[PDB]
Every structure is written in structure tokens, then in C-alpha cells.
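In what follows, a single structure is set out as C-alpha cells and then discussed.
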2 protein chains.
Amino acid sequence: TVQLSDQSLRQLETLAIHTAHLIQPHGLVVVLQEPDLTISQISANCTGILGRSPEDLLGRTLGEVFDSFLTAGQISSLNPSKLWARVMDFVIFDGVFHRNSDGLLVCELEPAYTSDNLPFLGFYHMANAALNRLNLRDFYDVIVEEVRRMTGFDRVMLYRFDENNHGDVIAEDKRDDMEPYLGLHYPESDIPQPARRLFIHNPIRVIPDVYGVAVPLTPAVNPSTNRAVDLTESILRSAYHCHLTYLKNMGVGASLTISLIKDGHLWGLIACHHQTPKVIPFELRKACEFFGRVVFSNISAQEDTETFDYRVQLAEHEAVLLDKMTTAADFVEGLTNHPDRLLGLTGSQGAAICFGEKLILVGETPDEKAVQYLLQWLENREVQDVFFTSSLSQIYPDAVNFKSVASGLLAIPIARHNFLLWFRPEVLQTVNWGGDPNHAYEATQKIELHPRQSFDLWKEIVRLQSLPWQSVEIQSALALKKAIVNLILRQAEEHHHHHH
Amino acid sequence: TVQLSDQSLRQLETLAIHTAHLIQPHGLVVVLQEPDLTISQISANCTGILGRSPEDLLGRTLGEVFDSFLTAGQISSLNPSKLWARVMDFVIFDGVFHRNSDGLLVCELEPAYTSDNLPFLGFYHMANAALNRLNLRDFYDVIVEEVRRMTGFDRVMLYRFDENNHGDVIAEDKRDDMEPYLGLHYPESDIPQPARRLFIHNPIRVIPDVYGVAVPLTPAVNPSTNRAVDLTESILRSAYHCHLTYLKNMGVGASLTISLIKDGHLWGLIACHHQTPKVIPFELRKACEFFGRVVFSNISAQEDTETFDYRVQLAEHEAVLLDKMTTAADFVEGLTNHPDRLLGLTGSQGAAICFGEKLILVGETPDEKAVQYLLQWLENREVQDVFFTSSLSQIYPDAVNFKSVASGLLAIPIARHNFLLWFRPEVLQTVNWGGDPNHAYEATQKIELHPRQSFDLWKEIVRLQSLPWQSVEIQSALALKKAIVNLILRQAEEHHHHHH
Ligand SMILES: *[C@H](C)[C@H]1/C(=C/c2[nH]c(/C=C3N=C(/C=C4\NC(=O)C(CC)=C4C)C(C)=C\3CCC(=O)O)c(CCC(=O)O)c2C)NC(=O)[C@@H]1C
Ligand SMILES: *[C@H](C)[C@H]1/C(=C/c2[nH]c(/C=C3N=C(/C=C4\NC(=O)C(CC)=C4C)C(C)=C\3CCC(=O)O)c(CCC(=O)O)c2C)NC(=O)[C@@H]1C
């Protein structure tokens, strides 16, 4: 169980979903050798929809298997383009070209339905009206609602990954008869690393039919490159079976997933579900993204500005401390006479200054002997860099007896034996999981992972834990350490004299 | 002259400013072998400031040449750190570590002045107040003013690269006695490609003394890697001499340059100049960037939203056309009865529909025979993709006689012989250059480039040229072509029947 859990986690992080050679059944995939546009490989479903199989096809080229009206960046202008064939029966595709990271042309023919197109005044009309009409919550809700408006989906949500790559549904529009996922929290193993890295490279993933059986590329390997073909940028690649199994027991027949990138990292996803299978054409997908992205630009801007705002809060405290410190006598005197500021510097409720032989406690701290034993623990463990923890109990067992006052500890050293300590109380935090995280998935045994069946609200109460240490707060704490080091250095050179 | 101009341009794009091995004189550079932190190479200026040269130093390690209070991502926590040495004389540095793209540790010791620090309430106090107190112009001016406030610089500007990588000073704060550069336009050769690619990787470049003579790394090559060391991420690397020569005749003794990135491309620069040499410490630099970046996040958001807004303008036109087209008889009938919409679709003043045997002109066009000869020119040149030009004169010489009505031409083909054309009139555009662009630089001859001496306003009048074709307008034009192709395809399958 514990061992099975362990390597099953290691199996998730390493999955090769991109080197899988199976395509969704509704559309055709071909990989083109050139200059010529010869068909080296093709999906097996061509038999059922074209009529000419990997007998008649393969190396007969795109030229005249299809009709229409090795290149380079011209692919962009070709995306999408109408390709059609007559086989007695008239099929019309919208083809989308791309080149792999390996550097070979894949063409993905989706059945085109749009001979007649669009809602009133385009896919954008209503959505733009809402965006202009203007807080972060407003942005969150506009995405999911106006995307659900454009699309016709049973459920549309905004899924935001946290610092541990878990995720939360932070916004949702849905039919009123469906049970809400708003505010549910999900394990990181649901969207494992290989799936997340895909969304840095592939901004859209659509699955019009979950129950559709994936057909294999023939041959499974590329004849030229001597490898499986990388379908990371692939529209028609079939999602890993486990994820399909995951969507089935959640009750989803179709999905559209658009990823949101901040500063080149996966911030989150616009996640769309349908109970029934559904056609989401290319132009619609591309529309939902362009909108999603514009609002996200504004989301990114806001959270950036809120981040800068908190940084200046802590910057005021620092300055007040740096001013009162230098100008007063012992720097320790300056720090202690302004508790409010010392505590605010890192968003904490208590602190301790251990310098030379004097030990000063400020605010809500553990009692002196307790902090003094902690300081010895800090010394015994040879802390040189910078130490913080949101749950001191679980690394310092004795800390359980003052978890009320110091479940959190930020500890910064100032040379040998000297420390600055900030303390934080236990704050009970309730997490609302989408299902029991103790069985986030299940492994059978030859390791075989299977997704969980229930996703019903499962309330956790997190204990023996403070608020988490934000990075701006730790940097602030080091800004003080550096200002203190500045003063020791100022003294040092005040006692230095030149030459003779 | 013309040949000299040509290869001198080719020399600029290929310069290896990053593989130069010369460092600025005020600070020390060392490259550390490890595990050990041995000094493999070091700047020659150590003699003049440490007292121990590449005799006493080299392989004596950072350990005890310096005092303080091969790693990995711990470099971040070490940046910056106080390093000091006593050599009878007490020097105090602020060291900043980084690892190359080649993967080796470079340590850059800047003389530390800040034993006593900061303005009131930190480097941010005033700047944050302005940002919250809230259009793009507002953002532009807040950057340059509040940066000039924080810094004490003689001139601070916002430099924005255009589509051709030329640039414009779009915002500026300066002493009132200095001649303004606001609104001046500069050649792309001033910030050549190698300099631009540097700012994707290195967000800050500071030169506290332009006149300071660069000292060489000894040895010039790294002994382990067998190459010159890549100083792209280097603080203390000396800017290429030509750029220093460029700053001298502009009258700049010191500069600080912070780059602004949108969606992973170089949008622009916060460019700071001082007439006199100036010390800009690390913490100040890092402050100016963090602020600059926060406001830029809001800039990026705004221009993104203005981009989306124009896209919806054109999206309305398209929809109106797609609606009136299909439902009416000949699609050409629908398009022609709504000239306003057809012209607005691509922001143009006239158009022509050439389909089958009928040729319809709309709005301000060249006369029929002229457009008909143009259509033959379009046919004779075998246009298959999509053709546009902001100056039709210079590719179609005869177009000079109707430059008043069609200096600009967007031309989209709909299968064989059929075209959609949009026309745009000559609009006189005046460019205000910072100096005569005809002598943007000068080459002597063994090619030796030298920067220009004058940067005084040089007014250009651009002729025979329309407004430039934006990408949203071209895509819009193709959205119509695709909707027309949809209708031909709809007919095609309306005449198709199944089986027997
Ligand atoms: C299989 C045993 C394990 C597993 C693997 C896995 N997951 C994915 C992909 C996704 N998971 C999500 C998750 C959600 N979307 C939601 O709307 C919600 C809550 C309502 C959740 C939790 C998403 C969005 C994706 C990808 C986007 C998409 O729809 O495709 C993959 C992807 C594989 C691929 O080939 O693309 C894999 C292999 N998931 C599990 O739960 C098991 C632990
Ligand atoms: C030399 C013959 C050619 C040349 C080379 C060159 N330029 C640069 C770097 C920069 N150029 C700019 C330009 C401006 N900054 C401004 O404020 C203004 C107007 C007021 C201009 C035009 C900038 C900002 C930089 C870099 C930033 C910095 O300050 O360092 C390089 C860089 C080399 C390096 O090693 O970093 C080189 C080689 N410039 C010319 O004009 C000649 C054509």
C-alpha cells in the first residue's frame, strides 16, 4: 500500500502521454514527408471515413487524395484550410498543420461542419461588452460565463494551480441542475506533471467524445526518424486512457481545456465539460482562447499589482526599523522599541532577537526557556542559509506544546550564534476536496493506476499549522538581516584607519 | 559606400559582445571552479583595489581571499552578499553570483557603499502611491518619473521598439535644462540584434562610468571549458566600445537600462542617462526593475485589451457580411450592398470584388481599367497565399499614378482568377529622427564601425505610403475568404447525393 503508493506516484510524473501513437476517431491524422507532402504515416480510421485505407493511401501524397484551394512559417496562414475528398461520398475537412519538436509536418483533418457559421456579431460580441464594463472575482466570473455563453457547454470553470500544483475551482458557470464544483480542491496527481508540461506547449486540448475508441497510427513508429512521433502539439491525439476513465466516472462525455500562462508557467486552465458528446470546431476553440487570454492578461496585471502592494507594506516596516536601528545605540534597542514594525516586517505575531548574550522576546512568543531551547536546536542543526516552516511540530516534536503560539517559525541567522526569529500561531484551515484525498487514485497489482470514482465534497481540517510563509515576507526578513550586517560592517570600518 | 553599408549592417547583427572578456574597472569579476570555489580566472583590476594580483590570487579560492557571513539554486539566496578583505586597507564588496549558459559560477564583486541605506520608507514609497492613484500615457509617465525620482538620474525614458525594431522615446522625465528626446525615433542599428538578445537573458545593464577603461579577464579563455566565458548575465562586463563611444558623443557619463518583456519578446527599455558618472547599487537597480515590471504588467494588459477591442470592431463587420452574404442570392450581391462593412472589415477606404466574370468596385478605388490591369498583375505574379503592401508604387511602378487612392493594397485570392481587393490612400507620415538616419553610423576602411555624432531632431516626410496593414485586419480579410469558401463548399455538397 505505502510502497505501491510511492512508485505509483513516480509512475505518474514520468508518463509518456505525448509519445503515445493513438488518435481520436472522429478526425484523421497524417504525417507528411517532403518536399512532396507524401504520407509516411496515417491514422487507421481513414478506412471508415475516406474509404481508401493504408493500402490505397500511404505514399500517395496529400496532392490528390484530397482537394483544396516543406514550407516553413507559412503553416500559420494554412491554419485552418478546407480539404475535401470524393469517394463513392463527399467529406469536407478543416486541416491544421504543425511541425513537431522533432521537426516534421503533421496534418490534422477535423470533420468540418461549418459550411454555415457563427452566432450573432461573431463569437465575441457579448464577451467583449462584459470585459470593458468595469474585482479579480469579476474577471474570474466573466471568463467562465462568457466562455459558457459562446460554447454551449454544460460546465465551464476556472481551475487555478496552487504552490504545490494542487488546484482549486475558483470560478464556475454551469447548468442549474448540475452539482457545483465551485471551491473544490483537487490533488496534483489529477493533472500529473507530463499533462502540465503539455499545456506549456499546447494551449488547447479538446475531446469531443470521451467514449470514442482511439485508433492507432500505422506504423506506430515514424519510418524516417526511427521513433514514435511526438503528438504534444496534436489536436487529434487521444488523451491517456486513465484520463478518459477519469472523465467517465465524473460524468463527462466531452471536454475543452485551455491553459493560462503567467510569466511562462502554468497558472491555470479554463476547463469545460459536457455530459453528452459535443463538436467544438477550431474557430470556436481559437475564439475561447483569445478571449480567455485577454482577460487573463488583466488577471495577471491585478495580482501583480496586489503583490507589489503587499511588498510595499513590508517595505515601510523595514524602513522604519532601519531608521530607528542605526540612529539609536545598540541596533537591538531600535528593533525592540518598535514591536509593531518588527512583527509586521514578516506578517507575524511574535518574535525573538538573539544577539550576543541578550535574548529579547516580542509579541506572542513561546516562553523564554522554550525559545532558548529552540535557539539551541537551531544551533545544533547548523542553520546557515535561512529556515522557515509552516508546521514546526513535525520537525521539532517538542514544539507541539506551544503550537498555539508557534506552529510557524521563520528563523534568520546573523553570523555565528545570533538569530532573528518570527513566530506564528496555529490557524485551523479547512480544505474542501473533490473526493477523499486518501484515495485520490488506486493502484492494482505490473503497476496499473485507476482514477477515483467519487468526487463529492470531502472536508479536511488542517491542524498544527500556521499561515504559509510568503516569499515577499522571507525576503523582507532578509532585508533586515542585511541591514543589520550593514551596521556591523559600518562599525568595523569605523574602527579601521589608514597607512602610517 | 553602398557595399560598405551592406556588410557593415551584416557585421552588426553578428557581433559577439557576450564573448568579449573585458570587465568594467570599478568592480571585480571571478569565475569559481568547484567543489572548492577556487579562482580559475579573475579581472586584472584586483591589483589596484585588493593589492594581491594574479600572482598571489588565482587558485587560492574565495575561501580566504575574502571574508563574509557547486551549490545550485541557492545562488538566489546568496544574491547579494557582503564580501570583504583586509589588505594593508579595508574593502567591502556586495557580491552577486550566477551560472552561465555554459554552466559555470561567475561571482561579481561590486564595491559596496551602502553601510547606510535608502530614502524615506524605502525605494518604493512614492512610486506605489502613484501607481494605485488611477490612460496608457499615465502608465508611461509614472515609470519614467518615479524611476527618475528613486534614482537621481539626469534623464529617464521609456524606449519602445516598433515592428521593424526601430525605437521611439514614448515617455521621458529629465532635468529642465537638458534638451528633450521625447518623441524622437532611432534606427534599429543603435540597439543591434546581439544587444537585443542580451536583454531577453539579462534584464538590467548598468554602466556607472562610461569613460572608465575596461580591464581584461586573465586568462581571456577559461582553462577548463576551453573557450571565452559567456558574460551575457554579467553585471560588470564592459559594454562594447562602440556603444561607449555612442554614449560619449550623446553626452552620457553613466547609464542604467532595464528591459521590458511582453510574451517573451523585447517590448522596450527603461533607459536612464547621467551626464556625470554615477553609482547605482544592486538593491536600487533591483528596485527600479520590480517597479518598472509591475507597471509594465498593467501596460501589457491595456494594450492587450485595446488589441481585443479593435478585433471585435472588425468581427462585427465580418458577421454582418457573413449574414447578408449567405442569405442573399449571389454572395457577391450581399457583399456589394454593404460597402461600409466590406471597407471596415480591413480598415480600408475602397475595395474590389473580382469573381467569375463580374468586377465590382466599392468606395474610393482606382478606375476600372487600372484595377483590372492590377488584377492581371496579381494573376501574372501567381499569388496563392495572401498579398499586402503599404507602398504599392515600389513593387507595381504604374501604381504611382493612383497613389492618392491606392498606395496600400491588401489582395486575397478566392481560388483561381478570383480576388478580393482592399485599397488605401497615401497618408503623409512624418518621422522625427534623433539625427540624420542617412548617416545612422559610419564605417571606416578591415571594417571599423563608428557611431554618429549628432542626435538632433531630423524630420522625415514619408510619401507614397498608406497606413500599415495590421495583422488583425489581414486575418479579418481571410475570415471573409474562408466564409466565401464555406459557401462554395455548401453549394458543392448541396449538389451531391448518396448511393443508389
Ligand atoms: C490516471 C490513473 C491518473 C490521471 C492521469 C491524467 N490526468 C490527465 C489530464 C487532466 N486532468 C485534468 C483534471 C480536471 N479537469 C477538471 O475540470 C477537474 C475538476 C472538475 C479536474 C480534476 C485536466 C483538466 C486534464 C487535461 C485537460 C483535458 O481535459 O485533457 C492526463 C492527460 C493525459 C493526456 O494525454 O492529455 C493523464 C495521463 N489522472 C488521475 O486522476 C489519475 C491519478
Ligand atoms: C556601433 C558602431 C553601433 C552600436 C552598437 C551597440 N549598441 C549597443 C547598445 C545600446 N544601444 C542603446 C541605444 C539607446 N539608448 C538610449 O537611451 C537611446 C536614445 C536616448 C538610444 C538610441 C541602448 C539602450 C543599449 C544597451 C543598453 C545599455 O545602456 O547598455 C551595444 C551593446 C553592447 C553591449 O555590450 O552591451 C552595441 C555593440 N550602436 C550604434 O549606434 C552603432 C550603429
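Neighbour counts are summed over all protein chains in view; Cβ atoms, including those assigned to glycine, are modelled from backbone coordinates with ideal geometry. What is reported rests on the model, the rules as stated and the sources as named; none is laboratory data.
Within segment B:485-500, work out how many residues are touching a strand residue (DSSP E or B) at 6+ places or on another chain (Cβ under 8 Å) and either more than 9 Å from chain A (Cβ to nearest Cβ) or more than 14 Å from B:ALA415 (Cβ to Cβ) (or both).
Residues meeting the conditions: 2.
So which of B:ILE461, B:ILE412 is away from ligand 2 (no atom under 16 Å from the Cβ), β-branched (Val, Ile, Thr) and surrounded by fewer than 16 Cβ atoms within 10 Å (Cβ to Cβ)?
Answer to the check: B:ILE461.
Name the residue that is farthest from the other protein chains (Cβ to nearest Cβ), counting only residues in segment B:290-339 that are aliphatic (A, V, I, L, M) and over 26 Å from B:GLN475 (Cβ atoms).
B:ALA329
Only one of A:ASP94, A:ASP6 is of a type in the set (D, E, K, R), outside the structural domain of A:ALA220 (by CATH) and over 17 Å from A:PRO219 (Cβ atoms); which?
A:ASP6
Would you confirm whether or not segment B:69-91 contains a residue that is among the aromatic types (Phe, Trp, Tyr) and in contact with a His (Cβ under 6 Å, 6 or more places away or on another chain)? Spell out how you get there, then give the answer.
In the first step, residues of segment B:69-91 are kept if they are among the aromatic types (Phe, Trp, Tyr); the result is B:69, B:84, B:90.
Next, only the ones that are in contact with a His (Cβ under 6 Å, 6 or more places away or on another chain) stay: B:90.
There is at least one residue in segment B:69-91 that is among the aromatic types (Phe, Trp, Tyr) and in contact with a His (Cβ under 6 Å, 6 or more places away or on another chain).
Of all the residues that make up segment A:167-184, how many are within 10 Å of ligand 1 (Cβ to nearest atom) and out of contact with any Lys or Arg (no Cβ under 9 Å at 6 or more places or on another chain)?
Final tally of qualifying residues: 1.
Can you pull out every residue in segment B:372-387 that is within 12 Å of chain A (Cβ to nearest Cβ) and touching a helix residue (DSSP H, G or I) at 6+ places or on another chain (Cβ under 9 Å)?
B:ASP385, B:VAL386, B:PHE387
Considering each of B:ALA72, B:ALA85, B:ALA20, B:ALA16 in turn, give the residue that is assigned to a loop (DSSP other than H, G, I, E, B), surrounded by 18 or more Cβ atoms within 10 Å (Cβ to Cβ), among the small types (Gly, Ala, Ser) and away from ligand 1 (no atom under 16 Å from the Cβ).
B:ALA20
Sort out which residues of segment A:351-372 are touching a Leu at 6+ places or on another chain (Cβ under 7 Å) and assigned to a strand (DSSP E or B), and write them in order of number.
A:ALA351, A:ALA352, A:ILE353, A:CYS354, A:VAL362, A:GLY363 - these are the residues of segment A:351-372 that are touching a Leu at 6+ places or on another chain (Cβ under 7 Å) and assigned to a strand (DSSP E or B).
Tally time: how many residues in segment A:154-166 are more than 11 Å from ligand 1 (Cβ to nearest atom) and either more than 19 Å from A:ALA254 (Cβ to Cβ) or among the hydrophobic types (A, V, I, L, M, F, W, C) (or both)?
The qualifying residues number 5.
Could you list, in sequence order, all residues of segment A:70-113 that are closer than 17 Å to A:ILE42 by Cα and within 9 Å of chain B (Cβ to nearest Cβ)?
Listed by number, the list holds a single entry, A:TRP84.
Residue by residue through segment B:56-69, note down the ones that are assigned to a loop (DSSP other than H, G, I, E, B) and either on the phi > 0 side of the Ramachandran plot or within 11 Å of another protein chain (Cβ to nearest Cβ) (or both).
Matches in segment B:56-69: B:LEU58, B:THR61, B:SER68, B:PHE69.
Residue-by-condition table, conditions (1) among the aliphatic types (A, V, I, L, M); (2) on the phi > 0 side of the Ramachandran plot; (3) within 15 Å of ligand 1 (Cβ to nearest atom); (4) within 14 Å of another protein chain (Cβ to nearest Cβ):
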site	(1), (2), (3), (4)
A:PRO397	no, no, no, no
A:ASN401	no, no, no, no
A:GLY408	no, no, no, no
A:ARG416	no, no, no, yes
A:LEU421	yes, no, no, no
A:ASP436	no, no, yes, no
A:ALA440	yes, no, yes, no
A:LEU449	yes, no, yes, no
A:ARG452	no, no, yes, no
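Taking into account only those residues within segment B:443-458 that are surrounded by 11 or more Cβ atoms within 10 Å (Cβ to Cβ) and farther than 18 Å from B:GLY251 by Cα, which is farthest from ligand 2 (Cβ to nearest atom)?
Residue satisfying both the conditions and the ranking: B:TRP458.
So which pairs qualify, if the first residue must be in segment B:8-32 and near ligand 2 (Cβ under 10 Å from one of its atoms), the second must be among the aromatic types (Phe, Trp, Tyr), the Cβ gap must be under 7 Å, and the two must be at least 6 apart or on different chains?
Going by the 7 Å Cβ cut-off, the qualifying pairs are B:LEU15/B:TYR240; B:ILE17/B:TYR240; B:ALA20/B:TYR240.
Can you pull out every residue in segment A:234-275 that is of a type in the set (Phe, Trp, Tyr) and either in the same structural domain as A:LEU28 (by CATH) or within 8 Å of ligand 1 (Cβ to nearest atom) (or both)?
Of everything in segment A:234-275, those that are of a type in the set (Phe, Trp, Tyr) and either in the same structural domain as A:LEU28 (by CATH) or within 8 Å of ligand 1 (Cβ to nearest atom) (or both) turn out to be A:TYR240, A:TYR246.
Determine if segment B:114-130 includes at least one residue that is surrounded by 14 or more Cβ atoms within 10 Å (Cβ to Cβ) and away from chain A (no Cβ under 14 Å).
Among the residues of segment B:114-130, not one is surrounded by 14 or more Cβ atoms within 10 Å (Cβ to Cβ) and away from chain A (no Cβ under 14 Å), which makes the answer no.
Would you be able to tell me the number of residues in segment B:454-479 that are more than 10 Å from chain A (Cβ to nearest Cβ) and in contact with a strand residue (DSSP E or B) (Cβ under 7 Å, 6 or more places away or on another chain)?
12
Determine the pairs where a residue that is within 20 Å of A:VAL206 (Cβ to Cβ), located within segment A:151-163, has a partner that is of a type in the set (D, E, K, R) and in a loop (DSSP other than H, G, I, E, B) with Cβ atoms under 9 Å apart, the partner being 6 or more residues away or on another chain.
Here the result reads A:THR151/A:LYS278; A:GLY152/A:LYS278; A:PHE153/A:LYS278; A:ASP154/A:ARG175; A:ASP154/A:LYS278; A:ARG155/A:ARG175, each pair linking segment A:151-163 to a residue that is of a type in the set (D, E, K, R) and in a loop (DSSP other than H, G, I, E, B).
Conditions tested, residue by residue: (1) in the same structural domain as A:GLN3 (by CATH); (2) of a type in the set (A, V, I, L, M, F, W, C).
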residue	(1), (2)
A:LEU410	no, yes
A:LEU421	no, yes
A:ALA440	yes, yes
A:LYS446	yes, no
A:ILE484	no, yes
A:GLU493	no, no
A:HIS499	no, no
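Please verify whether segment A:350-370 includes one or more residues that are on the phi < 0 side of the Ramachandran plot, surrounded by 21 or more Cβ atoms within 10 Å (Cβ to Cβ) and outside the structural domain of A:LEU314 (by CATH).
no
Consider B:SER101 against the criteria (1) under 30 Å from B:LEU50 (Cα atoms); (2) in contact with a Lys or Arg (Cβ under 7 Å, 6 or more places away or on another chain); (3) not hydrophobic (A, V, I, L, M, F, W, C): it satisfies all of them except one. Which criterion is unmet?
(2)
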